[PDB]
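Colleague: Got a sequence here, can you model it:
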Amino acid sequence: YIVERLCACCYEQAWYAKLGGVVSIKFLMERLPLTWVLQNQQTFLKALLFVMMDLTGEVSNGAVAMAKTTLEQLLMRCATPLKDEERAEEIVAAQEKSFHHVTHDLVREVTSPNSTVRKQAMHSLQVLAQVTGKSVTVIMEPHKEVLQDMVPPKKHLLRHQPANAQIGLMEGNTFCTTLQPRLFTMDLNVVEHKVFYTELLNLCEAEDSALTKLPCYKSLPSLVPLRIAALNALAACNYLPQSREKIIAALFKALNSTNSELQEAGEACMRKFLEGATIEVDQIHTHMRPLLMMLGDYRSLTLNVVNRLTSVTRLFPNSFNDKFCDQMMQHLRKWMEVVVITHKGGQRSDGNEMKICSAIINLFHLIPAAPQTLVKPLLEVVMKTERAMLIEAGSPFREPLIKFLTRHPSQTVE
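Modeller: Numbers count the residues shown, from 1 in each chain. See below for the structure:
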């Protein structure tokens with residue numbers, strides 16, 4: 001009755017009721033013995049995860065972090081292997097049964113449409129596989145019966161599912177297909193996987209003007225998380241030779257865009273994609289061609305294009321050459337002259353004041369093709385700008401310049 005009434009507080013509406021319920025659960029699992037907390041771990045987990053499922057979308061006072069910490073403690077407690085001095089026929093059986101049930105419910109809630117509970121379940125599975133000294137797959141291999149119809153959409157026309165459910169399905173597919181050994185192999189041969197891959201490609205490659213026509217996406221405020229999830233799911237399929245060019249094309253299209261958050265998501269997915277696949281300089285040039293071929297005019301530069309340059313350089317150091325370094329130095333000199341002119345004019349702040357020059361300077365320390373000779377012209381232009389603006393302590397060019405100078409200490413100090 002104690003556990004019933006106390007964990008029942010987790011189902012009340014108010015947030016303080018949930019907080020008291022989780023506090024009582026923590027007290028019960030910390031003070032009382034192991035043999036008893038195991039058989040109640042099912043109800044404890046259910047209640048303390050329903051707390052999260054219900055508190056999403058409303059103000060709360062640290063209840064989410066407290067619930068996450070309590071979940072971590074309960075999982076690392078009940079999952080801890082029993083030492084030989086305490087192993088017995090009843091405690092071992094109770095632990096095994098509680099572990100089975102908890103893992104079953106966790107794999108069930110993994111594909112839930114809520115993001116917070118899904119991330120919490122993923123972290124719990126990871127830490128549980130870490131503690132038990134086993135892989136996540138072998139632990140989920142018996143439990144994948146629940147996800148036989150979840151990871152494969154069964155050609156359910158995901159376009160009919162809501163945006164949050166779609167994002168949840170994408171994240172579940174990413175998690176289940178990115179373990180040490182993959183639980184489900186997206187062979188891209190059955191009609192189900194084929195339809196799923198085609199939907200992923202059309203979602204991550206189409207345009208917003210046509211993508212917003214769907215009713216499921218008509219009410220979305222940003223539509224960026226959907227594209228991010230689509231890119232993440234598409235990168236997890238780096239085991240299909242005959243169907244790899246489209247993945248690279250989509251990842252590069254996402255790596256060259258006029259948005260910052262999506263550019264970062266695309267570069268992250270590419271870095272994750274390169275862990276299993278490889279890309280030769282041929283297709284690198286083929287895909288970055290529209291990114292280049294426009295730098296001829298220094299005015300064409302901007303924060304987005306320099307960020308894309310930085311990303312493609314960080315992902316492929318051997319892609320750029322010394323000629324590109326000289327062109328970048330010329331563009332930097334031009335932009336520094338423009339900045340000096342604008343500062344002498346003293347009209348008003350703009351969006352091309354310092355960030356562009358800082359990014360262009362940072363580009364050098366990431367390109368290994370940058371020669372030692374580039375230190376002197378860069379230092380000269382930096383000194384010219386500093387003494388034209390008379391900004392010494394607040395100069396934002398110090399950090400990237402020092403980052404580059406550290407690459408050639410011999411020439412620098414000399």
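Colleague: Can you show me the strands along the stretch 51-200 of the chain?
Modeller: Remark: no strands are assigned in the stretch 51-200 of the chain by DSSP state E, counting those that start in this stretch.
Colleague: how about the helices of it, start to end?
Modeller: Secondary structure of the stretch 51-200 of the chain (DSSP state H, counting those that start in this stretch): helices at 63-78, 89-110, 115-131, 136-140, 163-176, 191-205.
Colleague: right, and the ones you listed - which one's nearest residue 57?
Modeller: Of all the helices of the stretch 51-200 of the chain, helix 115-131 sits nearest to residue 57, with 9.6 Å by C-beta to C-beta. All C-beta atoms are positioned from the backbone trio N, CA, C, and that covers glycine.
Colleague: which residues touch that closest one?
Modeller: Taking contacts as C-beta atoms under 8 Å, 6 or more residues apart in numbering, the residues outside helix 115-131 that touch it are 49, 52-53, 56, 64, 68, 71-72, 75-76, 79-80, 103, 106-107, 109-112, 135-136, 139-140, 164, 167-168, 171-172, 175.
Colleague: Direction-wise, compare it with helix 163-176 and give the angle.
Modeller: 10 degrees (axes from the mean of the first three to the mean of the last three C-alpha atoms, to 10 degrees).
Colleague: pretty sure residue 177 contacts residue 183?
Modeller: Yes - using C-beta atoms under 8 Å, residue 177 makes contact with residue 183 at a distance of 7.1 Å.
Colleague: what do those two both touch?
Modeller: residue 151.
Colleague: which residues touch the residue lying closest to residue 275 once chain neighbours are set aside?
Modeller: Distances taken as C-beta to C-beta, 6 or more residues apart in numbering place residue 238 nearest to residue 275, at 7.6 Å, with adjacent residues excluded. Residue 238 makes contact with 244, 247, 273, 275, 276, 277, according to C-beta under 8 Å, 6+ apart.
Colleague: Okay, buried residues for the strand or helix carrying residue 254 please.
Modeller: Residue 254 is located in helix 245-255, with elements delineated by DSSP states H and E. Of all the residues in helix 245-255, those buried under the rule 16 or more other C-beta atoms under 10 Å are 246, 247, 248, 250, 251, 252, 254, 255.
Colleague: who touches residue 325 in this structure?
Modeller: 364, 367, 369, 370, 371, 374.
Colleague: Mind putting the residues you listed into a markdown table with secondary structure?
Modeller: Output for these, formatted as a markdown table (DSSP: H, G, I helix; E, B strand; the rest coil):
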| residue | secondary structure |
| --- | --- |
| 364 | helix |
| 367 | coil |
| 369 | coil |
| 370 | coil |
| 371 | coil |
| 374 | helix |
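Colleague: Among these, which one sits closest to residue 234?
Modeller: Residue 234 has its nearest neighbour among the contacts of residue 325 in residue 367, at 28.3 Å by C-beta to C-beta.
Colleague: circling back: what's the spacing between the residue nearest to residue 275 and residue 247?
Modeller: 7 Å (C-beta to C-beta, to the nearest Å).
Colleague: shared neighbours, these two?
Modeller: Joint contacts of residue 238 and residue 247 (C-beta under 8 Å, 6+ apart) are 273, 277.
Colleague: Who are the contact partners of residue 160?
Modeller: residue 216.
Colleague: Quick check, residue 147 in contact with residue 109.
Modeller: No - the pair residue 147 / residue 109 is not scored as a contact, 11.4 Å apart, by C-beta under 8 Å.
Colleague: just the buried residues of helix 245-255 now: which is nearest residue 203?
Modeller: Using C-beta to C-beta, the buried residues of helix 245-255 come closest to residue 203 at residue 250, 9.9 Å.
Colleague: wait, what's in contact with the closest one?
Modeller: 201, 204, 205, 231, 234.
Colleague: By neighbour count, which of the residues you listed wins?
Modeller: residue 231 (30 neighbours; other C-beta atoms under 10 Å).
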